[PDB]
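Notes for the structure review
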Amino acid sequence: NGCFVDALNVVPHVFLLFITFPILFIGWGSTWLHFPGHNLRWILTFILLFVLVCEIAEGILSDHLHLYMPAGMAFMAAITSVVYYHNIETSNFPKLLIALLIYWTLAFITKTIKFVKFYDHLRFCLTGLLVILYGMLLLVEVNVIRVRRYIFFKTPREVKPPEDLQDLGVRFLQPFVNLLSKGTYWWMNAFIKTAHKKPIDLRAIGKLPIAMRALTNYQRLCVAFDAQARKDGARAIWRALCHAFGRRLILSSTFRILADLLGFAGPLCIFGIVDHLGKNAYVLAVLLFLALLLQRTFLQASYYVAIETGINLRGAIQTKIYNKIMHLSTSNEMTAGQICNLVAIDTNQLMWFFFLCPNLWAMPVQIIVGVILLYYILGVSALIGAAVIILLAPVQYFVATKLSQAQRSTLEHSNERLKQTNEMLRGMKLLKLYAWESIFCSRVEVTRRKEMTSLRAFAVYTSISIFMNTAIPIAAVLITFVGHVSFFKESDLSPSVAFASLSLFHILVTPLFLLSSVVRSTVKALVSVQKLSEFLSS
Amino acid sequence: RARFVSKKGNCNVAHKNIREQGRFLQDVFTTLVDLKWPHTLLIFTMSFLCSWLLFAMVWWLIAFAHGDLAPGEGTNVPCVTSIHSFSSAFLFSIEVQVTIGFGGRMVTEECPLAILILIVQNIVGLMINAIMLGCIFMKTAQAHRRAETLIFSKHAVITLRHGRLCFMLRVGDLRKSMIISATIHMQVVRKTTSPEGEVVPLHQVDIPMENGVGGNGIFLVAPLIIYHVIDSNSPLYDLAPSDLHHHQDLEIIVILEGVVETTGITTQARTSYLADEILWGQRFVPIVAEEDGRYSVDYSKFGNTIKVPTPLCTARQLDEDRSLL
Amino acid sequence: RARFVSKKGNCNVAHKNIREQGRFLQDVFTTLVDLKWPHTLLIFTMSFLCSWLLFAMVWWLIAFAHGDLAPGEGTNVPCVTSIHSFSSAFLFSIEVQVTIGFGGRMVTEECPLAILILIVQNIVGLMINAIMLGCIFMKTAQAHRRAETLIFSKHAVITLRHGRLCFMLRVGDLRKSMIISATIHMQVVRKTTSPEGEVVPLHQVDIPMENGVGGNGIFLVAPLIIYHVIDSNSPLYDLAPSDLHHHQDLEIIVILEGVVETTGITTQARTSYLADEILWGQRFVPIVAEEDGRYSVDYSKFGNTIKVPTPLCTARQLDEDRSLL
Amino acid sequence: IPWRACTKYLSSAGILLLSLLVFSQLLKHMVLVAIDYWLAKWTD
Amino acid sequence: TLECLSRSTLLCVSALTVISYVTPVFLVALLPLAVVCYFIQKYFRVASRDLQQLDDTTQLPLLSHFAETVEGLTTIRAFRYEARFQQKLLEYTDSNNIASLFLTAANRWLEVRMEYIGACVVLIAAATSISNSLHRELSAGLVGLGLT
Ligand SMILES: Nc1ncnc2c1ncn2[C@@H]1O[C@H](COP(=O)(O)OP(=O)(O)OP(O)(O)=S)[C@@H](O)[C@H]1O
Ligand SMILES: Nc1ncnc2c1ncn2[C@@H]1O[C@H](COP(=O)(O)OP(=O)(O)OP(O)(O)=S)[C@@H](O)[C@H]1O
């Protein structure tokens, strides 16, 4: 009785989709309350979305409408559960939670019946995954009622929704939104639309949440510094910052590595599609769509979390070195300039290095996965190509260094020019009272030629950089495809192999440039933190 | 600066830190039935179609489960005679729900489960029909489109009448329908500091509406300038004419209450006048005019104003000068 | 000790020895329709099922009695064609009662008794349907969930304003919906003995609400401390500050009346303040604050209170000292 | 910012190098697409 | 920056022309989405510029403030005014962080939305290529360029 069980599975989705529409149309026709397991619930809902896409793929492979309708119904059921939890987070109720719990229980029962009738005789894995996800969502609901006052005794002892991000006017609400918008930044639609019309200002801007201020970051940093100094330096301050900023940085880094994995994964499904048609492809196309969107979303969340940790760190160490500015002694002009450079360039170096910290962990795994993947697609010849592209990364660094050197020289000349200008633009009446102005303009032009001379070499290095940027992608394919025959087998190169190699070449060229800047930023940040330690401990 | 209640009549003060513990009940329906006629029609057809499809699905399911949906001759009688596919099942659902009863497909006395599904279908249909009728009738009692059309002049003036300073402000009707026993509650707010060191952020005080021997109410047929005279006892008696235009923060609100004729409900109109809105030493233009055989009211001159050579001085100093003259 | 009316607004005085002779009538329905929505739905489905089963039983009985229930071919026509058992009888009952009319089982023109049972079934069904629709619509006019949300501060204070002793007590709104023409009836009760030897167990007397030139009503947008000043004419003017805390029995009740906007009904809120509840010589904390561009009201400081260095003495002795100073 | 600032900036360079830049860029991108276009026919 | 802008714009035009030539039908589907980007452009710049300048402003009095504390350090430690000045510096660093934070939030917004559209276009391109270039078109060499 397969169709019988299929209809039995179709029923509960219809039940929920019909109960939701009156309440959804009431809600469609400013305090955010969050419940335990909200992030877990949204994660599980996205996993449900993925498994339902897989079930739709199965139903397409099989075809019999009644044999694949359950997936299309559970799709709208999960979307409506999302709308329900949005309507509950915007306005809490003890009854809508029960209305969701009933549906969860019924769906679990139907899936259990399906599993039993299958065991008595690809479907197996998808059914099991759905069972597990529905069970975990049921446990989340049970936790919610155990914490809430749904069926518990008289009063719930509610949380008094947090005034940290919902009290008197605040505009930057990142920590206090739906975990989908925490990823897709949907809360910025209102801000940007209002910004189009009315010019933004500090009165039109928000105020920072209690989660990120000078006081909060200073408190965490001084607690870590205290716990480290009570056990007694450069390494000390370093480990203090590390233990103080903790979980956020590693969270960003792991977001980043998972995104890197999926990005290395995309071209392989491209390859599979190209193979299939030349000799099971719509599924690969929709999977490619899903993997692209998810990879890029995770990449962006990673960027943002890293940037926010860096901004926290900048505020913290800035207010800390200002606290140190109060207790210093008068015996220690040059120190003032060194202090204000310690805030204008050293702190910016520290913070930008903290931006690039997760990239330094995610780059090696990216290049390793890239080389191992391209080897299994092109064979020994791939290795040769895998060398050439990699060889651009150290060379780039060298080029960069030359630039820096040139920059220094140029800056010197520039400064002198400014001096020879500051006189002319002050003795204006004196200058023009006897028309000695051309005589000084000759000297000013004499300085300018030297400045121009420096700029030639700088722009030559810039040209070499831009040239290598697009030359190495061409050279890789050249010396790889022409050398594929030369290296060994010289077997027919199907379009899939060549185009997958092309995709991987671009996906590997993009990260390679960043490693050079990362190395420079890291060494400069190390020097700047040594400087900060020498200052902060005088 | 900040206003107390807006010109349109809505309130401006935003409430903060409400307990909000009691507002956790199901007042679902009435709020949906208050909505706009298009939105309300949309949600009504939505509810009806939702119930219809739900019970059509359950009937198709039960006909499939009994085996009566499997086309077979003999050895059975379908719980619902002449049922073939989901289309005929939905047709049976709409035939039994909205109580048309075509009777081409007949529910039989063989299956009590169909009897139960019918006995719950009919009662839920009757209950949803009853609520969706009561709510639309309660909606058709909406006369809010005709209410709140009352108008006041944008800025109010002060003049010198009967040797005393006076407040002049226009009100008026906009439809044929009258308003019964309309009363005026004229109030003034200000941040006040008591002599005991107590500072209040806002202080409402009643300024009287000067009518005959008594009375808090008026009679509205034509635009009637409300006539009050500030005296030494009035709270507004202490201000100055040159400090009101820019710096001071004084909101004079009027609350005109009254019951409309046709509906009998008691509506009201609240409006504010700021310190920068009110002006000094002027006179309104006479609206009413002796027409052919009636009185013609021209609303173009409603907010028009003419200069009057009246002395400009503070009400306290004006009362002192009256004691001197 | 005993209170007059409780804080929640309900009355405390229990009535004894009511004649109770007139309350012997059938007001059955309205009281059932006032009940909670779950209980009311329960009793509605109960009434419907009761009537349905009653008439199904009588129809099965009449089909059994005519002999048409005895399965036989020829020599008769069943009063209701195609009737076999009690199940089909109940199906016919629900088919004719709720007016679906399947017509698989047909009542015939052979038996006038079936005609009579149908002609009474339909009219009783229509009457019960009409009452069960009118009552649920009368129920959906329940806006009592939104009413009675008005709040007063738990204890009221007295202070010294404008050189005279004054009563300060906070009121306020809890929703966006306003209340039209809210009036205050402030009263005080006490066991009083007249100079003629008459002792009354409780004596209500009006203590005025001090507003502008006149007026018994107020205007509620923000929490507005009601401001009364006890003078030598006021009934409360004779008490002492040290005897109120423990021994004396004085209940000061306020009755705030007003008509809500959306429904138009006139609701009210009554609250009491005992002798042990009220305290002396304090000041409330200013609630309203000049926010970004509006007025922010903080309800956390609603019942908060600060000490004020004010003299502590009886109102009679305070008036004597004012005569001396 | 209008096209006039960039127009003056590039006209300070002269007609000698403007086209030498623009057409060379166009031709480089045309080559970069044509190599893959020919690889497409290379495959099968 | 001029070189980078030129390379970027020409690479984008070339890629659009490639995915158009590969599939005739896919072209007609991509012009809608691109018009979407136009609306995403305006609303971005008129804010991205604004926030930008705000950042600059919150950077200028902060640093200057630092310098003022360093020179007149003896006067400030003498007046015992350290608390109020620390309050001022917390205020200034908050005003800097809110700006430098909204700027990165807006950049993330534009990034994510443009990327979602860039994934919609490859979805539609592959969905048209699998059918048109295989079932009827019967061409293998096309889908490669378009997908890549
Ligand atoms: N115990 C009671 N409870 C309720 N109502 C009462 C009661 N006693 C009297 N009433 C009614 O209220 C009115 C009060 O009048 P009474 O005090 O009873 O004087 P009366 O001369 O006894 O009048 P009666 O009892 O009608 S002959 C009467 O008209 C009664 O109808
Ligand atoms: N923040 C608030 N928002 C809305 N209503 C409130 C709030 N605080 C108190 N109330 C209610 O209004 C009345 C005001 O009394 P309060 O100022 O709270 O003095 P109280 O001694 O704290 O009384 P409680 O809170 O009930 S123990 C109370 O009876 C509450 O029921």
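The scheme used for residues numbers each chain from 1 in its written sequence order. That scheme is not guaranteed to match the entry numbering, and residues without coordinates are omitted from view. Chains and ligands are labelled by the order in which they are written, letters from A for the one and numbers from 1 for the other. A larger assembly contains the chains shown, yet all values here describe just the shown part. Note: side-chain values were computed over all heavy atoms of the structure, leaving out hydrogens and water. Residues with missing side-chain atoms are left out of burial classes, side-chain pairs and their counts.

Structure determination for this PDB entry is given in the record as cryo-EM, at a resolution of 6.1 Å.

Moving on, we come to the packing of aromatic side chains. Residues and elements named next belong to chain C. Planes of paired rings set the category: under 30 degrees apart is stacked, over 60 is edge-to-face and the rest tilted, where pairs are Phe, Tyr or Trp rings (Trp by its six-membered ring) whose centres lie within 6.5 Å. Scanning the model with the defined rule gives 37 aromatic pairs over all chains in all. Note on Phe48 and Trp52: the rings are 5.6 Å apart at their centroids and 15° apart in plane angle, and the pair reads as stacked. Residue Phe48 and its partner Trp52 are located together in helix α2 (residues 37–66), separated by four residues, close to a single helical turn. Three labels apply to residues, based on accessible area from a 1.4 Å probe with only protein chains included: buried if under 20% of the type maximum, exposed if over 50%, partly exposed otherwise in between. Residue class for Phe48 comes out buried when judged on its relative accessible area of 2%. Here the aromatic rings of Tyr299 and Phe302 are separated by 6.1 Å at their centres, their planes lie at 85°, and the arrangement is edge-to-face. Note on conventions: DSSP H or I runs of at least 4 residues are helices, E runs of at least 2 residues are strands, and numbering of each starts at the N terminus.

All names here are of chain B. Where each domain starts and ends follows an automatic or database-derived domain assignment. Under the domain assignment, chain B is made up of domain 1 (1–13 + 143–325) and domain 2 (14–142). The distance between the C-alpha centroids of domain 1 and domain 2 comes to 57 Å. Under the grouping applied here, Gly and all other residues not named as nonpolar or charged are polar, the nonpolar ones being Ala, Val, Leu, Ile, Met, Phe, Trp, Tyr, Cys and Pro and the charged ones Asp, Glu, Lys and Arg. Residue classes in the side of domain 1 that touches domain 2 are distributed as two nonpolar, two polar and no charged.

Below, the discussion takes up the UniProt feature "binding site: K(+) 1" in chain B. UniProt positions are given in the numbering used here, feature names are shortened, and annotations may be inferred rather than shown by experiment. Per the UniProt entry, the sites bearing "binding site: K(+) 1" are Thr99(B) in this numbering. Mapped onto the fold, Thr99(B) is located in the loop between α3 (86–97) and α4 (112–140). The contact criterion used throughout is that any non-hydrogen atoms of two residues lie within 4.5 Å. Residues in contact with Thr99(B), not counting those within four places in the same chain, are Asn122(B), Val98(C), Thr99(C) and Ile100(C).

Right, let's get into the interface of chain E and chain A. Each side of the interface is counted separately: chain E has 56 residues, and chain A has 63 residues. What gets called buried area is simply the loss in accessible area from a 1.4 Å probe that two parts show on being joined, summed for both. Buried surface at the junction of chain E and chain A, summed over both partners, amounts to about 5,900 Å²; 76% is from carbon and sulfur atoms. Together, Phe66(E), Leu101(E) and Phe102(E) form the three largest contributors to the area buried by chain E at its contact with chain A, with a combined 11%. When a carboxyl oxygen of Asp or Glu is within 4 Å of a side-chain nitrogen of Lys or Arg, the pair counts as a salt bridge. If you look at where chain E meets chain A, you find one salt bridge. What qualifies as a polar contact is a pair of N or O atoms within 3.5 Å, subject to a donor-acceptor requirement within protein and to the restriction that residues adjacent in sequence count only when both atoms come from side chains. Run the count over chain E and chain A and you get 10 residue pairs in polar contact.

A few words now on the pattern of salt bridges. When charged atoms on two side chains of opposite charge get close, those side chains can pair. By the definition in use, this model includes 12 salt bridges over all chains. Here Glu55(A) ties to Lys111(A) by a salt bridge, and the two come within 3.7 Å at their closest N and O atoms. Its relative accessible area of 7% is what places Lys111(A) among the buried residues. The salt bridge involving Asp238(B) is made with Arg316(B); its shortest N-O contact spans 3.6 Å. In this pair, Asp238(B) sits in the loop between β8 (226–229) and β9 (251–260) while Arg316(B) sits in helix α5 (residues 315–324), placing the two residues 78 residues apart along the sequence. With a relative accessible area of 38%, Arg316(B) lands in the partly exposed category. Connected through shared salt-bridge partners, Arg417(A), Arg448(A) and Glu451(A) make up one network.

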